[PDB]
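Participant: sequence and experimental coordinates follow.
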Amino acid sequence: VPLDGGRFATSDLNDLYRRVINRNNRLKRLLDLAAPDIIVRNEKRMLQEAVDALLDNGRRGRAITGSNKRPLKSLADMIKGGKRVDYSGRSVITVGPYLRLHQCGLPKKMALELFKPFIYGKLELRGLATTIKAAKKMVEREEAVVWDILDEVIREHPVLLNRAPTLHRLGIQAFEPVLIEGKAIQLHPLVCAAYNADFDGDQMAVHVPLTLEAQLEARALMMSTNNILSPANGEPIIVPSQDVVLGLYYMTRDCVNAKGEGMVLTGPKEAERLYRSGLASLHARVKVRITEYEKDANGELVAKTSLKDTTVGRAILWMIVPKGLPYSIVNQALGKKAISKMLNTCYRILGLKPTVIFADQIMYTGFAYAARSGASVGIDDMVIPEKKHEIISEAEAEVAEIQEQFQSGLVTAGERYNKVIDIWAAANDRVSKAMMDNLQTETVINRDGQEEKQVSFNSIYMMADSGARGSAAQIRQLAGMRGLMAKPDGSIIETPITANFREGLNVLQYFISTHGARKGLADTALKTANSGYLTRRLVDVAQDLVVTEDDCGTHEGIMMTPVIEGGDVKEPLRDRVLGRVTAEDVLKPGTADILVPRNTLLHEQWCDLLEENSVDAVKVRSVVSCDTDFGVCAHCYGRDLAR
Amino acid sequence: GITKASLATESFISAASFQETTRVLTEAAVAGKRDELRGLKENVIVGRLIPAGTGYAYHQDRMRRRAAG
Amino acid sequence: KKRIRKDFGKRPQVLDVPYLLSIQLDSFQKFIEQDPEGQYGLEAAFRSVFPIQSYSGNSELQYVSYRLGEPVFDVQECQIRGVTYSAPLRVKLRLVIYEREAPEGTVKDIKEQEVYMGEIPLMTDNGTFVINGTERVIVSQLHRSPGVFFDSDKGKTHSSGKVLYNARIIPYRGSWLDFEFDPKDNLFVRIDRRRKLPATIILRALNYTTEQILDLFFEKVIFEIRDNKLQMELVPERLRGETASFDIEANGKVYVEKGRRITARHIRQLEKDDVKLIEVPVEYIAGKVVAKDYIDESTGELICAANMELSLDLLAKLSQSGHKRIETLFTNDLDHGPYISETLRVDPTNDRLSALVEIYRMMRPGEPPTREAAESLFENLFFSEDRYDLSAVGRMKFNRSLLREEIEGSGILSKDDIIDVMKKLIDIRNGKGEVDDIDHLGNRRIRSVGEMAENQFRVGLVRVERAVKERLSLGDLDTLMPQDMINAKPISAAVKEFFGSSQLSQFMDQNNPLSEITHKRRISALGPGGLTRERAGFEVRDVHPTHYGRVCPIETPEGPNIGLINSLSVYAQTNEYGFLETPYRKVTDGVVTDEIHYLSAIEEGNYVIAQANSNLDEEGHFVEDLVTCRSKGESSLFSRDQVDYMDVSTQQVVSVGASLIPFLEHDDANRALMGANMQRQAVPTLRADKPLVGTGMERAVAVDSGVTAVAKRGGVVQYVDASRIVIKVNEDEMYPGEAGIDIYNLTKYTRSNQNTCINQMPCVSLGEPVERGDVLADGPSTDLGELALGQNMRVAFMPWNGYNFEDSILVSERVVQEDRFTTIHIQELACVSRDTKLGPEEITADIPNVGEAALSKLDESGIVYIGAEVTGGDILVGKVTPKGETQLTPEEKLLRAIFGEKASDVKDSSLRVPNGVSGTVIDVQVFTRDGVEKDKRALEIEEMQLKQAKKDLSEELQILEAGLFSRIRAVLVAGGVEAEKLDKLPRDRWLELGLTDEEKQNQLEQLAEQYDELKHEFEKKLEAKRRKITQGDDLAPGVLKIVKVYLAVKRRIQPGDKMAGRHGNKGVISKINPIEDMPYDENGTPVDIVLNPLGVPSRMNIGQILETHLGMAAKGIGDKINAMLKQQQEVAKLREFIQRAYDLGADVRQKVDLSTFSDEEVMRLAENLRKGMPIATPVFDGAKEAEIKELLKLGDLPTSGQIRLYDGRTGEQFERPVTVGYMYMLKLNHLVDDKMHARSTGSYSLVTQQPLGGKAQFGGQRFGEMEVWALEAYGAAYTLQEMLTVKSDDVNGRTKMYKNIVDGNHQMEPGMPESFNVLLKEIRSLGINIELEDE
């Protein structure tokens, strides 16, 4: 084909075919005129070289030609070793607090360009545009009423969002298209954790389900409401993140006194008291009438009114909780790990619709309460310990005595660095423990008569004790001190970073810390690609089998027990057997109890605790065994999915 | 191993994707093999309904339909 | 001359920061003028020789001088038209046919004229090689240093684990020469990285026998056969660590008998007695290896050859022959291994002919090894200047490795040098010396721009050498024709392919001034002759100890190229030999002197460095007895008098990008690496204000680069304007009195490489005195000397209802309304008139199927008017391409027949502005073809360019005439003072009438010569510009004219743009947010931005909090100054407040106050301080937390950072006191608009029918394998089936489904994709056959 202003663009196969045709034509002419043995045989070898080069160059020499130094692309090279698709796009991500779980903010211009054919068909069907060309002219010059038609087109038509690094099945998720005045794609904060997405300039791609079955597949399977629980583990994938959990943590935290008292009320009426001032928020152990609701044996709902000693925030947050559940005790704890556990228990007890609405209510209440709290990060938040200089001087004195001992023989000078590193590591633990103990408790308050203690409301401590991106090591590095820094050779340095991020940092220690940052970024780059490399081999081997033949027989299987490191370490884990089909009535201290092929339910797994700690061994059907031919038994597999 | 298990396969087109295409296609050309498509990876490259999820019943109906001859 | 200070930091300046773009400028400056280094040294292979195959005796070309001699089109004109900043390379030759002595040609000599040997590109004023309009920037190379070095290769090489050392000689321009060991202790050699062969073969190739090779490495041991017995020359030191196999006795005393081992005490006993003669058995001599050959003198029969193992039978024959001196090798299993003997044992070649033939077969495997070919190939390996070279540097580095005295030598390697390298490698193998380090800076030179250009020219000269030698050898005519012999294509293509095509010559990332400076100071380890990517490894990329001072640890980027590309340090500088040096204060045992010395990588390790953190006395000695110090590659301690050197400054380490960060010490190294990358991408905002919380180094960074126009000669400002600036020199002009003046043009409203609005604006006012080296006219992203990447924003750390989620930024409406982050772009749309076989495409206003909108924007000719407002859809340049035939379907013919035909034989291809974007047309242009009908608009624009340039040159001459007449009148009024009688004369009368004798009349003669020179120069410059303006304008090899349209657009801070801070605080703008519903205090002042506090605690970037808190103190004094300025003067000369503000920084050190100065002068500096007080917290020795708490006072603020804020919507106060301050944010690149695509249906590729665009629509999004795994996991078969076939690459399926989608049916009606069907045809094309059966 001719390019721009002459200069044709031909393939390498044309040169290979021309060379083979020229050599074969000369060989045909040679077998006609005078036939020399050397000339005819050499031309036959040249024809073999041309035919071999045309089929697959590759190995022997590689026939160059055609000006360029690189080899010609043969037929074998063309098929030896990323599918672009229409009706798609991409844009920069953004937070969208007001949106629901099954919703995503699509741009007005992007959604108009995406649904072009649907807008043209819907326009011509109703009226307005006389033909398809008129709808194209009407859509090109955006004339107000076309936007109203675009609202009808994307009413119940799911759009499939997608991130770059698609690790799991949750990378691609569908949502109902909401029109937003802007050039950036909004997204729900709850589902951001599933994609591993942050708002640091990351962009996501959108895809429109054209077919009717494709739209049903996006709604039934690929929708965000359906994907509640994770595929890998049974716990909730779309649990409350940093901002929501910090607000729910602020909604708990029972502070004594300070506009407190035991002013009684009845649930919802406490919301009027909170907005109208007078009483504080997380004040005292205030009593209130809690209308609980529970069920057992025959289902239904059974009321249970009672006066429980909660807080004002726990009383207000109790309205967000559903019809079922234990009630009170969920809100009475806190917001850190049990926030996810409350959503998991609500999903198991109630269902999909109740848990989805509760997740949206918890996200909205968490964001609103976090805004009202106003948790900041000042300079005085990270309070340094008074015994940091004393502990550093004492550790340096011990290291100086060890070095003084090594100067006059006595101890082993070959392994003195290991013992000196233990002294510095012990000093780092002392600084971390002293900083943690001071920053955790602290405070004074005024409980009626004045003189008490509870817990420090110091922002970073509140962030650290409620998920919210705040570990013990990061807080120790800020206020306390950075521990044993790694060197380029592999060994650890004998003089750790005594200073911290709050205080000033020297040029020597910062230069040493640069090796850890450089090695951390380099290792993260290698491990990220290496994980996908391992996943490609795992997917290539595994992606043939599927669950088929309904449910075959076969009793035998792996005897499931708790992963015991308790032989000489104290470590138990009895949460493996859950949603797994039983092999056959697996005994009981007496008789009966367990069924043949009864799947161990979430509530039925709790019933295993009723049989005491003696019963810690149950035979269960697994995917390793099973008498299926070319697939897997549905009973033998289990259940563990979003559903 | 995972690589050793993934190397062996029924369908030649599925083996041609991941592994060395020159060796797999040349060996599958010598002995007259034929991919009666039950696999997921081989069916995807052809551009048809995958034998899993929303498919499956279509593949099972077609599999039972190919019992006559 | 400055009306703004700001002060902080404790430590003294001592040594000021040098030129930032010194390495880029000085490297290219070397390759031009000097002898035996740059341009002249580049022609080292064509200085003496170029002998034409021994024809006409010998003969030669011989280079003699060169010179460039000015430019051609200049830099400004080279930006407009597609042409590089070129300069013609003339070079005078001298063809001679002089032999040695008699016969053949007899001494002709021409002294021929200079020939055009291609054209090398010249560097601009601020380091930039302009190529085809683009800016470009040649980055420095950090390759491996030439010479020699012993590699480690330690650990598990081939199981077990046992060292396996190896030597390797790296040449500058030649073949490699490796020398490695094996598991069996055999010495191999690798010629140019090839198959391994015995190391003794190279010794044989250099004319050395087996006996001569044995005497080079190992020490000989002579045995004597006398009195019917076997003696031996015993050496006491040689018996260390060896078992005695026989009775070692001497002088009637048994020292060590036969059985047990020999200790060090027995060596002392033997050495004391002076034993050098003892008897030995036959079995002991059998174990040794014989050195030389030993023929029997009786019979003439050879009793064993060289390097053969002895025996009981062999020794009996040698004794029977009658030889008195049996030469043999000693050796041991510790410090002297028999490696050369083992290498000789596995060596096929026994002589020089077999060795050269074997080396010839190994190097060039094919043709039969001859006498001449085998010798010449080995001769052109490491013994010839043309085919081998270590340069002047590598030979010096090779001498240091071998422990030599002198540092000078030849380029090619000698016979002694190879043996010395093998001897040192053998010593390193045993236990003498240690291995080298590749990661260390001592073995890593900095190959800049000057070396690579000369190296490419050396390759280009080598290409022309074969052509010149062959032509001169074959031809033997009397005529010279030397200019026609050497072609220009070979030399020009060699230079052009390197300058604007090969790697390292990347595009100049000129988003801001810091980006240009950082790009010029970059240093990559990969490229031509170095590392790559697949190799690299963990080593090299990691930050070595020698990097401290030379390069920045933090400045290196993320991803694939992390560690390979390192930025140069602030105080660093390139050495003479090639290494990277670094400054250090000289301490003469106690007292620290003022002198500075540049220490190398190897030189720095010897001396004792000392950190700048340790405080000193009043003047001289240190404070503490023991302080921190670096020595021997470790951070140990030392005495007071032990320290030899000291650190020059606190910011000796780290790059310019890392130095720009305010609280760099408080931030983590991982976040600081991101924060360095966050800068540079900061786009130039509209009206860039100066940053409050600064470093101080930003003042130098803007003035270092060529963005801001610095004053060349200091004086007084005469005429200030937006168009230009003219300053009278006044104080000390040139040598000759040839007028004062100093015209600064200053470019304005020009497009950058990243589509950024590069402009210049006059900071200094009219009639203002200015010294030399100061900012007269500012540039993009700057504020009167001080650099400014963005604008200061009133930040607030708190949650805001899920708006600020995972590092999301919540902006205000006041920021968008004020136009703080409003970015001005400048796009350039082209419109090329092509020429097809049917006909030529003409640019005209009569475009088919167009209404009244055509003539509204476009003119009569069919081009858009300068300053017209365009949108996504409007036509910029009207154009139509000829295309008849058509055919026309029956319905279309009837449809046209109903509403008038007008079916012309012409299509449409007008240059329309892309759908989405919109802006105003700034400047049009038209590059017409040489020999074509010029347009009406083209002639109008050319007339405007000619009139404007002529008026500019005329006004430029008038500006010089005003200064020259004033200079002449000033000189004329000292001796012959006309006074009031003067100033009423014409022009010609003013030139006449001079002064008396002495220094007066003589100076006026040169003034008249300079005046006449300016008169002649005006016509020459006008004629040159007139010829260049109305030129041919020869475009590319396509056809016809082309039209460029520079249209500028102004984008606001839309929701989605990537905006970030200075300490790796990445962000994206969420929502707009009105000023009515924003966070406010007790006063009316609201918040500009609201950031999430959760991000600050996760990643250790606590310096961002210090920047916010200190920014409130910076803003606090500005509010106090604004309070004083408002409501009249009030105080009037309130210098005590400003003096107290500058002084009160914990009363530490380094500050200046208003002691001198006067009223009005202080008001200038006070007016600039109204917006903010400004601070300069350095980096390592920055402002402490106590000083910031002190700065919180004075201007009246809470000594903490916290402050209670109302909601705005509700109006109630927040529970906890939020942290409010002034963070210096900046709007980064990428942004929205560009990062936003959508496509329903568009074009498709010819090879495979898959979605692609760029011309009208965008290309479709790629699914890939990762997406298909997720689709398979969920079980969406219909979604995967539609995405694979119909949506992607189905020819009939896409059109059928699109028709179904328009009708409202949906469905699918899929089929077999073209990607699969092409694979069926590709497989069927080969011998194999694939067929799809039915059932």
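Facilitator: Arrived safely. Numbers count the residues shown, from 1 in each chain, chains lettered A, B, ... in the order given.
Participant: roughly how far out does stretch A:160-178 sit from the chain middle?
Facilitator: Centre-to-centre, stretch A:160-178 and its host chain are 12 Å apart (CA atoms, centre = their mean, to the nearest Å).
Participant: can you list the buried residues in that stretch?
Facilitator: Within stretch A:160-178, the residues scored as buried using 16 or more other CB atoms under 10 Å in any protein chain shown are A:160-163, A:166, A:168-178. For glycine as for every other residue, the C-beta is placed from the backbone atoms N, C-alpha and C.
Participant: show me the residue sitting in the middle of chain B in space.
Facilitator: Centroid-nearest residue in chain B: residue B:11, 3.6 Å away (criterion: CA atoms, centre = their mean).
Participant: so that one touches residue B:44, yeah?
Facilitator: No: judged on CB atoms under 8 Å, residue B:11 makes no contact with residue B:44 at a distance of 11.3 Å.
Participant: for residue A:605, which residues are in contact?
Facilitator: By CB atoms under 8 Å, 6 or more residues apart in numbering or on different chains, the residues touching residue A:605 are A:577-578.
Participant: ugh, wrong one, I meant residue A:346
Facilitator: A:321-322, A:324-325, A:354-355, A:358.
Participant: now do the phi/psi pair for the residue nearest to it when sequence neighbours are not counted.
Facilitator: Nearest in space to residue A:346, with sequence neighbours left out and distances taken as CB to CB, 6 or more residues apart in numbering or on different chains, is residue A:355 at 5.1 Å. Note on residue A:355: its backbone torsions stand at phi -70, psi -40 [degrees, to the nearest 10].
Participant: what about residue A:355, distance to chain C?
Facilitator: 20 Å (CB to the nearest CB, to the nearest Å).
Participant: ok, now how distant is that residue from residue A:579?
Facilitator: 17 Å (CB to CB, to the nearest Å).
Participant: please apply the same query to residue C:209.
Facilitator: From residue C:209 to residue A:579 the distance is 85 Å (CB to CB).
Participant: ok, now residue C:552?
Facilitator: From residue C:552 to residue A:579 the distance is 54 Å (CB to CB).
Participant: residue A:355 and residue A:579: which is more packed in?
Facilitator: Between residue A:355 and residue A:579, residue A:355 has the larger neighbour count (other CB atoms under 10 Å in any protein chain shown), namely 24 against 16.
Participant: quick one: contacts for the more buried one?
Facilitator: A:228, A:322, A:343, A:346-347.
Participant: and what of residue C:1096?
Facilitator: Contacts of residue C:1096 (CB under 8 Å, 6+ apart): A:377, C:797, C:1102, C:1104-1105.
Participant: what about it, which helix or strand?
Facilitator: Using DSSP states H and E, the element containing residue C:1096 is helix C:1095-1098.
Participant: the closest residue to chain B within the stretch 401-550 of chain A is in what secondary structure piece?
Facilitator: The nearest approach of the stretch 401-550 of chain A to chain B comes at residue A:541, 3.8 Å away (CB to the nearest CB). In the assignment (DSSP H and E), residue A:541 maps to helix A:507-542.
Participant: ok, residue C:1110 next?
Facilitator: With DSSP H and E as the test, residue C:1110 turns up in helix C:1103-1125.
Participant: ok, that helix near chain A or not?
Facilitator: Yes: Helix C:1103-1125 reaches chain A (CB under 8 Å from any CB of the partner chain) through C:1105-1106, C:1109.
Participant: so where do the helices sit in the stretch 601-750 of chain C?
Facilitator: C:601-606, C:656-659, C:669-678, C:698-704 (DSSP state H, counting those that start in this stretch).
Participant: between those helices, which gets nearest to chain A?
Facilitator: Nearest to chain A, of those and by CB to the nearest CB, is helix C:669-678 at 3.6 Å.
Participant: tell me the angle of the closest one relative to helix C:1103-1125?
Facilitator: 60 degrees (axes from the mean of the first three to the mean of the last three CA atoms, to 10 degrees).
Participant: how about residue C:281, nearest residue that isn't a chain neighbour?
Facilitator: Closest to residue C:281 by CB to CB, 6+ apart is residue C:246, at 5.0 Å.
Participant: what's the answer for residue C:642, then?
Facilitator: Using CB to CB, 6+ apart, the closest residue to residue C:642 is residue C:608 (6.2 Å).
Participant: same check on residue C:805?
Facilitator: In space, residue C:805 is closest to residue A:95, 3.8 Å off (CB to CB, 6+ apart).
Participant: can you check residue C:923 too?
Facilitator: Nearest to residue C:923 is residue C:1046, by CB to CB, 6+ apart, at 4.6 Å.
Participant: in which helix or strand does that neighbour reside?
Facilitator: strand C:1042-1051.
Participant: same check on residue C:1272?
Facilitator: Going by DSSP H and E, residue C:1272 is part of helix C:1264-1274.
Participant: does chain A sit close to that helix?
Facilitator: Yes: looking at helix C:1264-1274 against chain A by CB under 8 Å from any CB, the contacts come from C:1264-1267, C:1269-1274.
Participant: and the residue nearest to residue C:423 when sequence neighbours are not counted, what does it touch?
Facilitator: Setting aside the residues directly before and after it, residue C:423 is nearest to residue C:217 in space (CB to CB, 6+ apart), at 7.1 Å. Counting by CB under 8 Å, 6+ apart, residue C:217 touches C:339-340, C:422-423, C:426.
Participant: out of those residues, grab the one that's most surrounded.
Facilitator: Busiest of the contacts of residue C:217 [other CB under 10 Å] is residue C:340, holding 24 neighbours.
Participant: and residue 325, how many neighbours?
Facilitator: No chain in the question, so chain A it is. Neighbours of residue A:325 using other CB under 10 Å come to 19.
Participant: oops, chain C please
Facilitator: 11.
Participant: re earlier: other SSEs contacting the next helix or strand after the helix holding residue C:1272?
Facilitator: Following helix C:1264-1274 in sequence order, the next helix or strand is helix C:1277-1284 (DSSP H and E). Contact analysis of helix C:1277-1284 by 3 or more CB pairs under 8 Å, 6 or more residues apart in numbering or on different chains; DSSP states H and E lists helix A:212-220, helix C:1264-1274 as its packing neighbours.
Participant: so which of the contacts of residue A:346 comes closest to residue A:619?
Facilitator: residue A:355 (32.5 Å; CB to CB).
Participant: tell me the SS of the residue in chain B that chain A sits nearest to?
Facilitator: Of the residues in chain B, the one nearest chain A is residue B:6, at a distance of 3.8 Å by CB to the nearest CB. Per DSSP: H, G, I helix; E, B strand; the rest coil, the secondary structure class of residue B:6 is helix.
Participant: quick check: it vs chain C, distance?
Facilitator: The value you get for residue B:6 to chain C, if CB to the nearest CB is used, is 15 Å.
Participant: now that residue: closest residue in space, sequence neighbours ignored.
Facilitator: Nearest to residue B:6 is residue A:541, by CB to CB, 6+ apart, at 3.8 Å.
Participant: mind listing what the residue nearest to residue C:223 when sequence neighbours are not counted touches?
Facilitator: Spatial nearest neighbour of residue C:223, chain neighbours left out: residue C:326 (3.9 Å); criterion: CB to CB, 6+ apart. For residue C:326, the contact set (CB under 8 Å, 6+ apart) comprises C:222-225, C:285, C:290, C:294, C:318.
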